[PDB]
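Peer 1: Residue numbers (the authors' numbering), protein chains in the order written: chain C, 1 to 449; chain A, 4 to 319; chain D, 2 to 285; chain D', 173 to 229; chain B, 80 to 156. A prime marks a further copy of an entry chain.
C-beta: ideal position from N, C-alpha, C; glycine also.
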Amino acid sequence: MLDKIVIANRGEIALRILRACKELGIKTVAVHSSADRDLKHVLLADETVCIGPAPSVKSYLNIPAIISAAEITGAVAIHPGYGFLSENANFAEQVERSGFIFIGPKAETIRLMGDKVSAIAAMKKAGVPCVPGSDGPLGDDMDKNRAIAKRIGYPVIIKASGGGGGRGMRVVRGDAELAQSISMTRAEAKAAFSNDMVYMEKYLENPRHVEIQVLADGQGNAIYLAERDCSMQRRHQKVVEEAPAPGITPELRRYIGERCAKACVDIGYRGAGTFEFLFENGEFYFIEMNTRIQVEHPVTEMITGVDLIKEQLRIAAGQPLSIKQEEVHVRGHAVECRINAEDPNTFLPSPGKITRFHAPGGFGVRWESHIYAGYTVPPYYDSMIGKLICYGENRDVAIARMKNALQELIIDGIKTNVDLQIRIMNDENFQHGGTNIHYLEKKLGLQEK
Amino acid sequence: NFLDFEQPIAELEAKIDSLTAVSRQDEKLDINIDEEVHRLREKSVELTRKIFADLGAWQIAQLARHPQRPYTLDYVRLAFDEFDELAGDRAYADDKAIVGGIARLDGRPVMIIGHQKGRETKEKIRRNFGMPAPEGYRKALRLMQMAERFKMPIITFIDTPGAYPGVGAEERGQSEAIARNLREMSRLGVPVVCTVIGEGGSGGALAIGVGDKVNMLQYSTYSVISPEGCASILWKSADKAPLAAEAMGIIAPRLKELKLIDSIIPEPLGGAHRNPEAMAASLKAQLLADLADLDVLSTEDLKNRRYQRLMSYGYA
Amino acid sequence: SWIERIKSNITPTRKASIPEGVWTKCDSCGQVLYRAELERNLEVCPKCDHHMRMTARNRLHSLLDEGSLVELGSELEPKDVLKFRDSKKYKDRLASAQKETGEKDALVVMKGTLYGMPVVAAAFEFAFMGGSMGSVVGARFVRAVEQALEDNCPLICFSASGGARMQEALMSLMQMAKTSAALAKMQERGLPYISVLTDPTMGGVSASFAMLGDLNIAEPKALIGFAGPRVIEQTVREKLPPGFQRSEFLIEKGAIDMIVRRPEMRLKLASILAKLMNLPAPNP
Amino acid sequence: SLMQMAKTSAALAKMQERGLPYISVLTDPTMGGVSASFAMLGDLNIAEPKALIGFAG
Amino acid sequence: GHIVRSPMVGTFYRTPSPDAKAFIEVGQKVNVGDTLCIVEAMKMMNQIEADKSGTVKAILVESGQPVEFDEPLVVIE
Ligand SMILES: CC(=O)SCCNC(=O)CCNC(=O)[C@H](O)C(C)(C)COP(=O)(O)OP(=O)(O)OC[C@H]1O[C@@H](n2cnc3c(N)ncnc32)[C@H](O)[C@@H]1OP(=O)(O)O
Ligand SMILES: Nc1ncnc2c1ncn2[C@@H]1O[C@H](COP(=O)(O)OP(=O)(O)O)[C@@H](O)[C@H]1O
Ligand SMILES: *C(=O)CCCC[C@@H]1SC[C@@H]2NC(=O)N[C@@H]21
Ligand SMILES: [Mg+2]
Ligand SMILES: [Zn+2]
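The structure is reproduced here in structure tokens:
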């Protein structure tokens, strides 16, 4: 067992990791910035280390500072969580060679899977279905690009293979702007992810975002938990998840779980990861793999009883998988609604000071956040200020509990996206279950006279 | 940023460009954009044709110095590829008014030397509005020698208002540098082709323009002295510059009929600034055609032919 | 009440053992870096893009294609004949540098091949007493020139020298003229020669063949001149201009052709040599 | 007349590789095109005192 | 007055060598350009430089005790 690890993150996920560590009896090391000196998990930790000033580049993206903090405190492992250095393969390599243990996949698999084109090629090599497309970054020949697009079928989309975070991808409607769109997408990928590689893939109009969480110890063991569904996306970023998904009968669930387990075995995967897909009339299309603890992890714990962070801490400690395929039981349903400090409509972040805070509480309500009375939201990082789950017995029960909790939930002093959450809950199609990915955008509408 | 006589075209283009934005501007307006844009473009094209049907030597000068026009860098980017810029005169500085380098064209490496003016005001200040200091001419001499050494073709451009009449230029042997250039370039063993893109002349520009072939654009002027200077000297008045331009014959047809150049390169309608890509295509085709036949000649016979064409200069 | 909690000090002593050879420093910026990463980035600090020292043989490996390295004139070694009497005996410094750098002299010669085009290369190891040009250096350069003349191919030399080897006295100075004669011989033949100015290039080598090739390619923030800045400071007893003798400044003053960073250097050299030799461009 | 500069330059280049000297002397004044064609191109540049020499007036 | 703070996080020392003299002394004044202590990180002993001249009022740190960013080390008046 890892005697003492480092919370290489901040905020909600930092607090969650801290709670899990204190549960498992593992001591805590808190690394923070100078602005986040009153974080909940920072105050609830034995050892607090400040490794930079307010900006992210100088403080949390400062890999030398994190390794220095892990050296001075005597840790033997580091947990990145999600975001920041979650998928930095070089970070994994340095931590492995620095003398500590990286809680996550080996850096080789990070390189192979983070780059989208390589991940798709490997998935096709393992037999996992993928979107037909270029299967390689295209050049400056418009004729080749349009020929490939006609081969796969318009419309088409250009996405940065080293891209992520809901940016660095542009959709192409026709050849009248294909070259310019590809060039500007390459420029954006250069400006964001330090890579110019951009590829072409078939674009769908009516998809259903289906993703499967999986676990593997890298020793020939691969287990898959229940599915997920994030149909309510805004700007390609999730706002309301749910797990398991409607319509996915256990036959298809087992059928795709076996394939994902075989893929993990073939790649020799380690740690907690999820294989995203695209669902339509029984067809799945892998597009990306997130080799980290996904943010919408709770909607899988509550429907299976298995703590993901405990699984990661045990796997990183070298212990084999303590849970087998038949020992995973899917019992229930869940809904999750993130809370962000942005503007409800204009989507402008609204940092400041929180005046009144009050958790929902109740049967099946699980409120993951670090905000508290007087906590000053820093204008320096992501706008997320908490997650919220309402585990029910069926989807309708979960929706009702979420409505009740949102009525109970009170956050005052800054702008919050609770109103949009209430509107989403009240929607009939959403309550029915099975809406398309763009459903949110159709409900968004457009300009007016 | 347009000239005086371009007002009918200017007004309509302030409405055509908006319609693309009006397609999703506000208030849910997605009007029948296509047909209105096509009609407005038809009207603008007809007005431009009518306006540029009437052309004048002053208008020729204005189009030659329209503050939107492809410079040497533009023609290199839109007609050549694999351009590697070489700088430095080895002596004192690298004057920005001349841009030189080595590039490949249809698999054949070439030496490209030509003046560059600049689009923005800051770039124009930095490049001295295309007025070359003598060190730039020394750099051009060095590049021409290097191209001569490795059996390399030379193609040069001439777009400059005139050799810089500054204190430093005169202090540093302006005339000496130009003479040194003009002596060596008559001994090169490789063909030399030159173009009169933009506005060029004043004699100083000839230090990179004595070769087997000379070509001019349709709206370019190549005079011994500037029309304003010619007016202020001969007519004792600056405002009589259009009269001096008409008398001189700085326009392209006049310099073509005087058997001083080879051919006039046509421009896209609306001048070069309206469709710089078509102008670049025409220039690329013309230079490729000119370079094709010239490469047959051997170096000794090439120099002899150049010397005979050198003797062909002048009326007597 | 964890809301109001003070910060206690970290454990005063815990035994932590990081491997010693996986971290370096950049005095130019201060960002600690991973040694293997930096070595994989051609000795460029990725944060501030400030070039550092590189082994001469490492530079040759970086430029020349693997499977074609052929060292030329490796038999020559320092054969001191002057018996100089400094504060230390010249043999002391000679032996120290020879046993430290593992190379016979400053210059290292390797005939290689670049993208299918044969090419000769050379480089100065700055750690060899400031990379001073010995008689072996000039003779090896002449050997490379002879190989280029008998086997037609461009020659490339990368300059890094603190000045002429004083302990060889006038003999090293004549090597400047010898290399100049070699350059003149091969320049009328038509075989190019591209000298690249590293950090730093001063003294005699700066004025013998570093600043005499067909191209003058400098690497950013390199100190290039003829006399060290301290000598000029004691001469004019004043302040040097800002950014004195920097590649950015010396390309402004026209003595420098172009500024090329090391990662692009291989492709840029291949393209320029292919164009000048009129050969087909390399395929990338 | 501008092309005459190049013609004279060609003549000078022809006779300079032969080895026959050519000494241009700059009187008062020497300006304009001639100053930059063969006045400032000979083996010697001998000026006469208090003469105006340049390229532009 | 002005108090110097370590810009990095790591082990703190006062003598650059295991057996040597500390860079500065309490009492006797120091200038703008001077090294005052060592904050070692990853076995790479880096130096700490003040920015204002004045008398050393007091030293608020002890050898061998790790410090972090924005940590007042020595106050200079
Ligand atoms: C007249 C001549 O040609 S030799 C005169 C010396 N050189 C010059 O005047 C030109 C530049 N002068 C210099 O001092 C340097 O070369 C500078 C300015 C580039 C500074 O570079 P630095 O980083 O200071 O390098 P530095 O001078 O320490 O060179 C490293 C070593 O090479 C030695 N070295 C450098 N050039 C020479 C030389 N020409 N002869 C003998 N030893 C030399 C130095 O003594 C030094 O040895 P050490 O570290 O064991 O004491
Ligand atoms: N090929 C595709 N067709 C349709 N939608 C897609 C496609 N690829 C991505 N998307 C949309 O974008 C979302 C994020 O895609 P992903 O590749 O995971 O990017 P990121 O790395 O930014 O999360 C998906 O959930 C989906 O809604
Ligand atoms: C590394 O192995 C331990 C050496 C660290 C520095 C040493 S230990 C204490 C000595 N005094 C001091 O200021 N630094 C010296
Ligand atoms: Mg994703
Ligand atoms: Zn650096």
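Hey, is D/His-51 close to ligand 5, as in C-beta under 7 Å from one of its heavy atoms?
Peer 2: Within the third sequence, numbered from 1, the residue matching residue 51 of chain D stands at position 50. Result yes, Cβ under 7 Å from ligand 5.
Peer 1: Does at least one heavy atom of ligand 5 sit under 7 Å from the Cβ of D/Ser-29?
Peer 2: Position 28 of the third sequence, counted from the start, is the residue given in the question as residue 29 of chain D. Under cutoff, so the answer is yes.
Peer 1: Do the CB positions of C/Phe-100 and C/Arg-208 come within less than 8 Å of each other?
Peer 2: Translated into the one-based positions of the first sequence, residue 100 of chain C becomes position 100. Translated into the one-based positions of the first sequence, residue 208 of chain C becomes position 208. Result no, Cβ atoms of C/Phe-100 and C/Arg-208 do not sit closer than 8 Å.
Peer 1: Kindly list the residues whose CB is nearer than 7 Å to the CB of C/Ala-243, restricted to its own chain and excluding five residues on each side of it in sequence; keep chain order.
Peer 2: Within the first sequence, residue 243 of chain C is the residue found at index 243, counting from 1. The residues are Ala-226, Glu-227, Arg-228, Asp-229, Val-299, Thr-300, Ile-303 and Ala-334.
Peer 1: State buried or exposed for C/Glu-288, treating a residue as buried only when at least 16 other CB atoms are found within 10 Å of its CB.
Peer 2: Position 288 of the first sequence, counted from the first residue, corresponds to residue 288 of chain C. Label assigned to C/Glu-288: buried.
Peer 1: The alpha helix (DSSP H) with C/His-432 in it runs from where to where?
Peer 2: Your numbering for residue 432 of chain C matches position 432 in the first sequence. 428 to 432 is the span of the alpha helix (DSSP H), which, as asked, contains C/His-432.
Peer 1: Would D/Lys-48 count as contacting chain C if we go by Cβ distances under 8 Å?
Peer 2: Residue 48 of chain D sits at position 47 when you count from the first residue of the third sequence. No, because no Cβ of chain C sits closer than 8 Å to the Cβ of D/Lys-48.
Peer 1: Excluding the 5 residues preceding and the 5 following C/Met-402 in the sequence, name in chain order all residues of the same chain whose CB lies nearer than 7 Å to its CB.
Peer 2: Locating residue 402 of chain C in the first sequence gives position 402, where the first residue counts as 1. Correct list, in chain order: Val-335, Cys-337, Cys-390 and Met-425.
Peer 1: For B/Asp-149 and chain C, any beta-carbon pair shorter than 8 Å?
Peer 2: Stepping through the fifth sequence from its first residue, residue 149 of chain B is reached at position 70. Closer than 8 Å to some Cβ of chain C, the Cβ of B/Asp-149 qualifies, so yes.
Peer 1: Helix, strand or coil: how does DSSP classify D/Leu-43 here?
Peer 2: As a first step, residue 43 of chain D is located in the third sequence; it is residue number 42 there, counting from the start. The answer is coil: DSSP assigns D/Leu-43 none of H, G, I, E or B.
Peer 1: Show which residues of chain C have a CB atom less than 7 Å away from the CB atom of B/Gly-89.
Peer 2: For this step, residue 89 of chain B is matched to residue 10 along the fifth sequence. The answer, in chain order, is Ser-68 and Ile-72.
Peer 1: Give a yes or no on whether 8 Å exceeds the smallest Cβ distance from C/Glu-448 to chain A.
Peer 2: Here residue 448 of chain C corresponds to residue number 448 of the first sequence, with the count starting at 1. For C/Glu-448, the answer is yes, since a Cβ of chain A falls inside 8 Å of its Cβ.
Peer 1: Could you say if the region 84 to 94 of chain D and the region 107 to 124 of chain D meet the contact criterion of at least three C-beta pairs nearer than 8 Å?
Peer 2: No, because fewer than three Cβ pairs between the region 84 to 94 of chain D and the region 107 to 124 of chain D fall closer than 8 Å, the two stretches do not touch.
Peer 1: Using a Cβ-Cβ cut-off of 8 Å, state whether A/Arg-80 counts as contacting chain D.
Peer 2: Looking up residue 80 of chain A in the second sequence gives position 77. It does not: the Cβ of A/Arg-80 has no partner Cβ on chain D nearer than 8 Å.
Peer 1: So what's C/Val-265 in DSSP terms, helix, strand or just coil?
Peer 2: The count along the first sequence starts at 1 and reaches residue 265 of chain C at position 265. It is helical.
Peer 1: In the DSSP assignment, what residue or residues form a beta bridge with A/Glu-85?
Peer 2: For this step, residue 85 of chain A is matched to residue 82 along the second sequence. Beta-bridge pairing links A/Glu-85 to no other residue.
Peer 1: Between D/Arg-15 and ligand 3, is there a pair consisting of the residue's CB and a ligand heavy atom that are separated by less than 7 Å?
Peer 2: As a first step, residue 15 of chain D is located in the third sequence; it is residue number 14 there, counting from the start. Because no heavy atom of ligand 3 lies under 7 Å away, the Cβ of D/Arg-15 does not count as near it: no.
Peer 1: Can you give me, in chain order, the residues of the region 93 to 127 of chain B that have a beta carbon less than 8 Å from any beta carbon in chain C?
Peer 2: Answer in chain order: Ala-120 and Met-121.
Peer 1: Is it buried or exposed, C/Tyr-154, if we count other Cβ atoms within 10 angstroms and call 16 or more buried?
Peer 2: Reading the first sequence from its first residue, position 154 is the one you call residue 154 of chain C. Under this definition C/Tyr-154 is an exposed residue.
Peer 1: Would B/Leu-152 and B/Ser-96 qualify as a contact pair, given that the criterion is a beta-carbon distance under 8 Å?
Peer 2: Within the fifth sequence, residue 152 of chain B is the residue found at index 73, counting from 1. Within the fifth sequence, residue 96 of chain B is the residue found at index 17, counting from 1. Not in contact: B/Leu-152 and B/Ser-96 (Cβ atoms no closer than 8 Å).
Peer 1: Considering just the uninterrupted stretch of the beta strand (DSSP E) at C/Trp-367, what are its terminal residues?
Peer 2: The residue you call residue 367 of chain C lines up with position 367 of the first sequence. Residues 365 to 368.
Peer 1: Under the criterion of a Cβ to heavy atom distance below 7 Å, does C/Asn-290 qualify as lining ligand 7?
Peer 2: Because ligand 7 does not appear in the structure shown, any question about it cannot be addressed here, the ligands present being ligand 1, ligand 2, ligand 3, ligand 4 and ligand 5.
Peer 1: Chain D' beta carbons: is any one of them nearer than 8 Å to that of A/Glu-14?
Peer 2: In the second sequence, the residue the question calls residue 14 of chain A occupies position 11. With 8 Å as the cut-off, A/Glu-14 does not count as an interface residue toward chain D'.
Peer 1: Checking contacts by CB at 8 Å: is D'/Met-177 closer than that to chain A?
Peer 2: On the fourth sequence, residue 177 of chain D' is found 5 positions in, with the first residue counted as 1. Yes, D'/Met-177 lies at the interface with chain A (some Cβ there is under 8 Å from its Cβ).
Peer 1: Taking the alpha helix (DSSP H) that A/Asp-37 falls in, what are its first and last residues?
Peer 2: Here residue 37 of chain A is taken as the residue at index 34 of the second sequence, counted from 1. That run of the alpha helix (DSSP H) goes 36 to 56.
Peer 1: Can you tell me which of the three DSSP states A/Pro-245 falls into?
Peer 2: Taking the second sequence and counting its residues from 1, one reaches residue 245 of chain A at position 242. In the structure shown, A/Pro-245 sits in a helix (DSSP, three-state: H, G or I).
Peer 1: For C/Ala-20 and C/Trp-367, I'd like the C-alpha separation in whole angstroms.
Peer 2: Locating residue 20 of chain C in the first sequence gives position 20, counting from the first residue. Locating residue 367 of chain C in the first sequence gives position 367, counting from the first residue. Whole-angstrom Cα-Cα distance: 15 Å.
Peer 1: For D/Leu-95, is the beta carbon positioned less than 7 Å from some heavy atom of ligand 1?
Peer 2: The residue labelled residue 95 of chain D in the question sits at position 94 within the third sequence. Every heavy atom of ligand 1 is 7 Å or more from the Cβ of D/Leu-95, so no.
Peer 1: Name the DSSP bridge partner or partners of A/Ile-12?
Peer 2: As a position in the second sequence, residue 12 of chain A is number 9, starting the count at 1. The partner list for A/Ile-12 (beta bridge, DSSP) is empty, contrary to what the question assumes.
Peer 1: Throw me the rounded Cβ distance for the C/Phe-430 and C/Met-232 pair, which I believe falls under 8 Å.
Peer 2: Taking the first residue of the first sequence as position 1, residue 430 of chain C is located at position 430. Taking the first residue of the first sequence as position 1, residue 232 of chain C is located at position 232. Sure, about 7 Å apart at Cβ, within 8 Å.
Peer 1: What residues of chain D' sit near A/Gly-203, judged by a beta carbon separation below 9 Å?
Peer 2: Along the second sequence, read from residue 1 onward, the residue named residue 203 of chain A stands at position 200. Going along chain D', no residue has its Cβ under 9 Å from A/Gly-203, so there is no contact; the nearest lies around 12 Å.
Peer 1: Throw me the rounded Cβ distance for the D'/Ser-181 and A/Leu-185 pair, which I believe falls under 8 Å.
Peer 2: Numbered from its first residue, the fourth sequence carries residue 181 of chain D' at position 9. Numbered from its first residue, the second sequence carries residue 185 of chain A at position 182. That pair is a contact at about 4 Å.
Peer 1: Does the region 132 to 144 of chain A touch the region 43 to 56 of chain A, meaning 3 or more C-beta pairs lie closer than 8 Å?
Peer 2: No: fewer than three Cβ pairs fall under 8 Å.
Peer 1: Consider the C-beta atom of A/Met-282 and the heavy atoms of ligand 1; say whether any pair is separated by less than 7 Å.
Peer 2: As a working mapping, residue 282 of chain A is identified with position 279 in the second sequence. Not under cutoff, so the answer is no.
Peer 1: Counting only Cβ pairs nearer than 7 Å, list the residues of chain D close to A/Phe-55.
Peer 2: For this step, residue 55 of chain A is matched to residue 52 along the second sequence. Under the 7 Å cutoff, chain D gives no residues; its nearest Cβ is about 40 Å from A/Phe-55.
Peer 1: What in chain C is Cβ-close to D/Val-23, meaning under 8 Å?
Peer 2: Against the third sequence, residue 23 of chain D aligns to sequence position 22. Residues of chain C passing the Cβ test: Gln-94, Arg-97 and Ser-98.
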